[PDB]
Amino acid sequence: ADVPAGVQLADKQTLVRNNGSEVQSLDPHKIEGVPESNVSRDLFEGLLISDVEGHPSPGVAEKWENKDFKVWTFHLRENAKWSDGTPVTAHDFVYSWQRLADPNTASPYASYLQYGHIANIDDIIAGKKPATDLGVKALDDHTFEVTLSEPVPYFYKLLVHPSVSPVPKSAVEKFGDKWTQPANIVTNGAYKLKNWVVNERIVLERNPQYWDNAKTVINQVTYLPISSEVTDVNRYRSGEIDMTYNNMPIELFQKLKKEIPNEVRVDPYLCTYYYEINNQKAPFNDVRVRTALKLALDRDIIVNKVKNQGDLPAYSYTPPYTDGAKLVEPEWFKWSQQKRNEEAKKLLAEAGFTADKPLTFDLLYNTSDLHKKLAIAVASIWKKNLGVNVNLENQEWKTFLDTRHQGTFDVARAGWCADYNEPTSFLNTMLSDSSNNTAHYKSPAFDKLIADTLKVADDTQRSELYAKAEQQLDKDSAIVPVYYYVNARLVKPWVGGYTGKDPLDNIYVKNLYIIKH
């Protein structure tokens, strides 16, 4: 943390943050969500980290070079250490990236190494080659070298993500799935795990072995698992919570902007809220059905009437303000809602649905005040506009993500946030073989458009290809885009160091500080 000259620090440097739900895991290779990544950034540090404004900056690597954007060499700082005092070495990164790639680990982020094009990853994922054939090597204890199969100019931007953080081999090997318990875990970020009470709290304490420990200010941070946005706001206003999670309740938000304007932080955020359709299950394997659902949803009512938190109506998966996005707004988005409704009704009638044999399906969502109120609204809109009946089902976060990967569901509430600021952070998740593809969408035309992006060495051709890839996704109605999120959350006036400038919201508690109050 960089405390401005003249700010008076509180005697007690502790922080309580709400984190939306109970994490899936603390193992960097088993996680895929925001809550998970929030805790992961405080505990495990990769090659690079984001600075306080979100720019990729030195993490365990203090400096790096590339050769033709295909061979990347990372010089690791000599004083990087784990919490047990042992050095963090390039051997740790070699082991960790191989563990990520290995199919036996079954990471949801195994394809992150495909997104970066590390050599031999496709064969490794397919079990044709052992994980030790992965194109990574330790040239010495402080030098990690990565070899890609084609030039990737934005490669280094990927490296702040939890899936490419190191994990401690000796703890993993000795404790198996209990390696992350407080008595067993070993970490290399600014913090260490003190307590983990499922469905109550996660408490982290400063890691004195962290290389940049002298600049850490907060001594202890607690992450809570509250999925009710109303309750989070209530426990923030009671004094318990210093920073709410960044999901805001429909019940209270209008009042909050007028009651505590200065604490209501609203900033750009590279995330898209959408309804995920299970493309491999009838009747959702019919494009007419998917297009009808997409067109009949009225984004203006949802975004400006039922939610009104500053979100923008969406017509694509990749947010249009992602670095490198030059998207073409489809003609259906410019139409009136009545024109979209007739087309929707026309397509469903064409798909075989009638008043006596209507379309009836489930709308799965993770427990939340915000998601439940939006799903009830969407169910009413789809009933009014298209005559379809929806049965709402809530599931806790970890189970919800597992259900979507299991892929026998119908429609699910969804939302993807960028891992790096470039359109392929979204687009790669719709590849046929992506480990993150919970839409279960498989299009050879879409796959080809993305494969073509690194075969050109031109940003304009790349951007035109991303635009066409979005058009292909839209043409197939893989998903139902709803809105691009804003990052809205409450932050107490005494919490210093949170700029809101990072559109990825990669916060590190080592960057914050508590002002005297």
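We call the rigid core the largest set of C-alpha positions that still match within 1.5 Å between the two forms. The first residue of the shown sequence is 1; numbering continues from there.
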**Request:** Compare 53-61 with 453-461 and report which one shows the larger root mean square C-alpha deviation from this form in 8 other deposited structures of this protein once the rigid core is superposed.
**Result:** 453-461
**Request:** Between 95-103 and 384-392, pick out the one whose C-alpha positions differ more from the shown form in 8 other deposited structures of this protein, using the rigid core for superposition.
**Result:** 384-392
**Message:** Mean Cα B factor from the PDB record: higher for 461-469, or higher for 42-50?
**Reply:** 461-469
**Message:** Quick check on the record: does 360-368 or 120-128 carry the larger mean Cα temperature factor?
**Reply:** 120-128
**Request:** From the list 218, 412, 301, 431, select the residue with the highest C-alpha B factor recorded in the entry.
**Result:** 301
**Complete:** From the entry's CA B-factor values, the highest among 423, 352, 108, 189 is 352
**Request:** Just say lowest, middle or highest third for the CA B-factor of residue 500 relative to the other modelled residues in its chain.
**Result:** highest
**Asked** Mind checking which third residue 404 falls in for C-alpha B-factor across the chain?
**Response** lowest
**Request:** Taking the chain's C-alpha temperature factors as the reference, tell me which third residue 514 falls into: lowest, middle or highest.
**Result:** middle
**Request:** Classify residue 89 as lowest, middle or highest third according to the C-alpha B-factor given in the PDB entry, relative to its own chain.
**Result:** middle
**Message:** When the deposited Cα B-factors of this chain's modelled residues are ordered and cut into thirds, is residue 143 in the lowest, the middle or the highest one?
**Reply:** middle
